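Colleague: Just passing along the structure, written as structure tokens.
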Amino acid sequence: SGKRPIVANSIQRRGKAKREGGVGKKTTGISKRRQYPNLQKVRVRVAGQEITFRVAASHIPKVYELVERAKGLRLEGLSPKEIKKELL
Amino acid sequence: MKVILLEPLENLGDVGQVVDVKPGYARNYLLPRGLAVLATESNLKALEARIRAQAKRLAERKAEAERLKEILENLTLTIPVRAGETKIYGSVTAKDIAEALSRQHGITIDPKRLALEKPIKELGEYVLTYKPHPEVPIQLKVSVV
Amino acid sequence: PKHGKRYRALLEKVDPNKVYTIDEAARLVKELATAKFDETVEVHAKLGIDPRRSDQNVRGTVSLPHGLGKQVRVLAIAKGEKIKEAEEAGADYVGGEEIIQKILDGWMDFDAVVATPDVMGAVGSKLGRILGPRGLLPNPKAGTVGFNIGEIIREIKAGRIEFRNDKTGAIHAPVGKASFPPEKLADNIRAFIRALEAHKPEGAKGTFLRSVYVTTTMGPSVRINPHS
RNA sequence: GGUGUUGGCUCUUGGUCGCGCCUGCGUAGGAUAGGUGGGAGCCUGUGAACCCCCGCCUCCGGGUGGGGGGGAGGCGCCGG
RNA sequence: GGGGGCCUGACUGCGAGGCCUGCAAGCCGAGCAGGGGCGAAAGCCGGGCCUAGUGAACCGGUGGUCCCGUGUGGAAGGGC
RNA sequence: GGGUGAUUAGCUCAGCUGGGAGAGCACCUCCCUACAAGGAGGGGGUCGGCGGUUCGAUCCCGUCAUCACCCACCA
Ligand SMILES: [Mg+2]
Ligand SMILES: [Mg+2]
Ligand SMILES: [Mg+2]
Ligand SMILES: [Mg+2]
Ligand SMILES: [Mg+2]
């Protein structure tokens, strides 16, 4: 899946081919192909433990925004999975 | 990436000079290893208010001496103590020097904040070097009889 | 000996790479040069092209308000009623084809062409290769155009200028003369480029601009900033 | 192949475009005269010529320069 | 049909009337104006003695054109 | 079309970043040997034609021509 604050995902939008022209005429060749985001894991600490983020390179620092936001936040309770969920 | 550091790494500058670095250099290094901070508008004027404090703090702790420097030096200090007539019987201690202000001149000054490595055992209108802050050296007039 | 020590001179008092204002700056350019008893303009400027591409040979002529000054002798060559209608000034005491061997062995002191392509079969044989690249060959666009030559040997007193751009852009305004007031050294750079901006080369990927400098026969150098 | 994931340190190499610099070799002709355009003065008494070091190229012939106490003349016209 | 001279009518704007024929085509053509060639003039010249030597339409290049040109003025594209 | 390249004797071919076209095989003969190795002479060339710069071009430059390789634009 895509997931994460990007709220991004894959799209099937068409990929086609056209042998050039413009000063004469341009060809055709179609097909349907998949487009994917640039999602990568993201390590981060948050005081205790680490936690990964399958987020896209568009909104990477949003985590570092999110982290730098979670200053005075009741962050612990022994709940690492629960922390990510609580990350806004 | 505009970020400020707090350990002067002589490759990107001394503490205080924000620097643009490659994001990876900041993503997988600095902040995790407690070397720098993401200087956001929030974390700008945050610590920018800090430097607006200590740099201005040295005023209610600095001039507070000068409002007493050119005032305290315009006075004596007399410690009447029975003693010999060329060397004191006993001694006079900085710890005890302070309360001499309390039993006559009614001022509260700190002991060990006073230059006196050893106690004085002989008399004479002697003059000491009090410290209210390691910046405004004030010389203190004392006397024993 | 070496190179001279006065060359390390006037430039320290010119500020090379700057502005000057060209026109009103020529007035102290007058005290920049201080050459002999003369001065020239020297524009040059190298094109942004190639010596080849067919034969962009390029020829032309210039105007020039006042003129030149001294002499080129002219002398010229023809046969019939040619110099007959052309001997009030630049030309005098020609003769005919019983003299050209004074080019060979008689009188050696010649310059300037005018004339008319009427006997090319003989000079294209005797002086058809061993003279020309000095700046000759009767040619057309060079002071050798039929009966129109009638308005040419007095046009020397106006303009010459051989548009030989060659491999090096070249061109060279040589009419200053120093003591010809400074006016004859102030109001002609524009009327120079106006004739230089003429039958330029056609089809070229680049600029038609370089250096210009405007220097004398032995004046300063180092750029100027060409525009006006 | 390019780019984001992707970060620190360093050695070198090619090119492009300006600048400051090294050259430019048939015979003839002092001589090793790239090109074009002017050009008669140019330099010199804030310094030249006959004399020591060095560098670069080099066609062994020299061409080009930073250097020495010396201190009045040397190249260009033109010829060929 | 074979030679010589002067020429560019292998013009422009039209074009009655007709051969053939399903359509599209194809083919001949007197007559006029602008301007010209030849000939003293009558006159002829809208390619070649003729019948074969060719390609609808769509798309696009090049040159002109009182044209259209998106709120308006240029511009871009289109149109003849 | 766009650009890299050739091409010179009969032949497989050099010329050097410009300066009288040449080494081999083949052809004629003369030699020492009778053959065939091997030498000496001479002939042999439109440097693929056409041009431009150049005092001067096998070489510098631009179209042709016959190829070869690569990328299409053909309604
Ligand atoms: Mg997915
Ligand atoms: Mg197009
Ligand atoms: Mg003349
Ligand atoms: Mg003028
Ligand atoms: Mg890659």
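Ordering of the structure tokens sets the chain letters (A, B, ...), residue numbers begin anew at 1 in every chain, and ligands are numbered from 1 in the order given.
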What are the residues of chain B that have an atom within 8 Å of an atom of chain D, counting only C-alpha atoms (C1' of nucleotides), as an MDAnalysis selection string?
Modeller: chainID B and resid 22 24:25 28
Colleague: Using only C-alpha atoms (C1' of nucleotides), which protein or nucleic acid residues come within 8 Å of residue 32 (chain A)? Drop anything in the same chain fewer than 3 positions from it, and give the result as a CSV table (one decimal) with N, CA, C and O atoms, in the first residue's frame.
Modeller:
```
chain,number,residue,atom,x,y,z
A,12,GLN,N,-3.0,3.9,-12.1
A,12,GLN,CA,-2.9,3.1,-13.3
A,12,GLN,C,-2.8,3.9,-14.6
A,12,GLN,O,-2.9,3.4,-15.7
A,13,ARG,N,-2.6,5.2,-14.5
A,13,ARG,CA,-2.8,6.1,-15.6
A,13,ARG,C,-1.9,5.7,-16.8
A,13,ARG,O,-0.8,5.2,-16.6
A,14,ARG,N,-2.4,6.0,-18.0
A,14,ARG,CA,-1.9,5.3,-19.2
A,14,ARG,C,-0.5,5.7,-19.6
A,14,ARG,O,-0.2,6.9,-19.5
A,15,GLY,N,0.3,4.8,-20.1
A,15,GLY,CA,1.6,5.1,-20.7
A,15,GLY,C,1.6,4.8,-22.1
A,15,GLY,O,1.2,3.7,-22.5
A,16,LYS,N,1.9,5.7,-23.0
A,16,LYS,CA,1.7,5.6,-24.4
A,16,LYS,C,3.0,6.0,-25.1
A,16,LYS,O,4.0,6.4,-24.5
```
Colleague: List every residue of chain A that DSSP, applied to the backbone, labels as strand (DSSP E or B), and write the result as a PyMOL selection string.
Modeller: chain A and resi 11+17+29+35+39-40+55-56
Colleague: Just the selected residues (N, CA, C and O atoms), exported as a PDB file, in the first residue's frame, please.
Modeller:
```
ATOM      1  N   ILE A  11      -1.321   4.688  -9.129  1.00  0.00           N
ATOM      2  CA  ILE A  11      -2.311   5.049 -10.129  1.00  0.00           C
ATOM      3  C   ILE A  11      -1.993   4.305 -11.415  1.00  0.00           C
ATOM      4  O   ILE A  11      -0.830   4.049 -11.736  1.00  0.00           O
ATOM      5  N   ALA A  17       3.035   5.868 -26.435  1.00  0.00           N
ATOM      6  CA  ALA A  17       4.219   6.152 -27.228  1.00  0.00           C
ATOM      7  C   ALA A  17       3.793   6.817 -28.524  1.00  0.00           C
ATOM      8  O   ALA A  17       2.778   6.443 -29.114  1.00  0.00           O
ATOM      9  N   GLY A  29       0.860   4.551 -30.208  1.00  0.00           N
ATOM     10  CA  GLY A  29       1.059   3.257 -29.590  1.00  0.00           C
ATOM     11  C   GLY A  29       0.687   3.370 -28.125  1.00  0.00           C
ATOM     12  O   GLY A  29       1.282   4.177 -27.406  1.00  0.00           O
ATOM     13  N   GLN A  35       1.702   3.525 -12.154  1.00  0.00           N
ATOM     14  CA  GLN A  35       2.589   4.543 -11.613  1.00  0.00           C
ATOM     15  C   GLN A  35       2.644   4.411 -10.103  1.00  0.00           C
ATOM     16  O   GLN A  35       1.605   4.304  -9.446  1.00  0.00           O
ATOM     17  N   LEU A  39       7.992   5.835  -2.248  1.00  0.00           N
ATOM     18  CA  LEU A  39       7.908   5.582  -0.821  1.00  0.00           C
ATOM     19  C   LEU A  39       9.121   4.798  -0.353  1.00  0.00           C
ATOM     20  O   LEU A  39       9.579   3.872  -1.023  1.00  0.00           O
ATOM     21  N   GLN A  40       9.645   5.188   0.804  1.00  0.00           N
ATOM     22  CA  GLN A  40      10.774   4.516   1.426  1.00  0.00           C
ATOM     23  C   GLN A  40      10.571   4.501   2.932  1.00  0.00           C
ATOM     24  O   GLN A  40       9.860   5.343   3.481  1.00  0.00           O
ATOM     25  N   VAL A  55       6.785   6.203   3.949  1.00  0.00           N
ATOM     26  CA  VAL A  55       6.306   7.481   3.460  1.00  0.00           C
ATOM     27  C   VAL A  55       7.022   7.818   2.161  1.00  0.00           C
ATOM     28  O   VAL A  55       8.068   7.258   1.831  1.00  0.00           O
ATOM     29  N   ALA A  56       6.450   8.748   1.406  1.00  0.00           N
ATOM     30  CA  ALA A  56       7.009   9.136   0.123  1.00  0.00           C
ATOM     31  C   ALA A  56       7.989  10.284   0.288  1.00  0.00           C
ATOM     32  O   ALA A  56       7.933  11.050   1.248  1.00  0.00           O
TER      33      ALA A  56
END
```
Colleague: Please find the residues of chain C near chain F - the criterion being any atom within 7 Å, counting only C-alpha atoms (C1' of nucleotides) - and write them as a compact mmCIF listing (two decimals) with C-alpha atoms, in the first residue's frame.
Modeller:
```txt
# COMPACT_ATOMS: atom_id res chain seq x y z
CA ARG C 52 35.30 29.70 -45.48
CA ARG C 53 31.62 28.89 -46.14
CA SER C 54 31.63 29.50 -49.89
CA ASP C 55 33.38 32.84 -50.38
```
Colleague: Name the residues in contact with residue 54 (chain A) at a cut-off of 10 Å, using only C-alpha atoms (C1' of nucleotides), excluding same-chain residues fewer than 4 positions from it; report them as a compact mmCIF listing (two decimals) with N, CA, C and O atoms, in the first residue's frame.
Modeller:
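The result, stored in result.txt:
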```txt
# COMPACT_ATOMS: atom_id res chain seq x y z
N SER A 1 0.83 -1.19 0.00
CA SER A 1 0.00 0.00 0.00
C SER A 1 0.87 1.25 0.00
O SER A 1 2.09 1.16 -0.09
N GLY A 2 0.22 2.41 0.09
CA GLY A 2 0.92 3.69 0.07
C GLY A 2 1.03 4.33 1.44
O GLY A 2 2.14 4.63 1.89
N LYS A 3 -0.11 4.58 2.08
CA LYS A 3 -0.16 4.94 3.50
C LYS A 3 0.57 6.24 3.81
O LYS A 3 1.09 6.90 2.90
N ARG A 4 0.59 6.63 5.10
CA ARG A 4 1.42 7.69 5.67
C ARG A 4 0.88 9.08 5.30
O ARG A 4 -0.01 9.18 4.45
N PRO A 5 1.38 10.16 5.91
CA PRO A 5 0.75 11.47 5.71
C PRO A 5 0.65 11.91 4.28
O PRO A 5 -0.15 12.80 3.96
N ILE A 6 1.46 11.33 3.39
CA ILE A 6 1.35 11.62 1.97
C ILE A 6 -0.07 11.37 1.48
O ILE A 6 -0.56 12.09 0.61
N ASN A 38 7.26 7.35 -4.59
CA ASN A 38 8.64 7.08 -4.22
C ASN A 38 8.72 6.84 -2.72
O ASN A 38 9.42 7.55 -2.01
N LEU A 39 7.99 5.84 -2.25
CA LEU A 39 7.91 5.58 -0.82
C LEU A 39 9.12 4.80 -0.35
O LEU A 39 9.58 3.87 -1.02
N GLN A 40 9.65 5.19 0.80
CA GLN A 40 10.77 4.52 1.43
C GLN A 40 10.57 4.50 2.93
O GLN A 40 9.86 5.34 3.48
N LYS A 41 11.20 3.54 3.60
CA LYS A 41 11.13 3.49 5.05
C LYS A 41 11.79 4.72 5.64
O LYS A 41 12.64 5.36 5.02
N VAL A 42 11.41 5.06 6.87
CA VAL A 42 11.96 6.22 7.55
C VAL A 42 12.17 5.88 9.02
O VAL A 42 11.21 5.70 9.76
N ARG A 43 13.43 5.82 9.43
CA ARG A 43 13.76 5.57 10.82
C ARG A 43 13.69 6.87 11.61
O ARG A 43 13.96 7.96 11.09
N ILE A 60 8.74 13.66 3.40
CA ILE A 60 9.66 13.10 4.37
C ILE A 60 9.72 13.99 5.61
O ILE A 60 9.38 13.53 6.70
```
Colleague: Go through the chains and note each residue within 9 Å of ligand 5, using only C-alpha atoms (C1' of nucleotides) and all ligand atoms, then give the set as a list in words.
Modeller: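 I would give the residues around ligand 5 as residues 1, 2 and 3 of chain D.
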Colleague: Counting only C-alpha atoms, which residue out of C:35, C:107, C:41, C:7 sits closest to residue 186 (chain C)?
Modeller: C:41
Colleague: Please give me, as a ChimeraX atom specification, the residues lying within 6 Å of ligand 3 when counting only C-alpha atoms (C1' of nucleotides) and all ligand atoms.
Modeller: /C:72,74,112,156
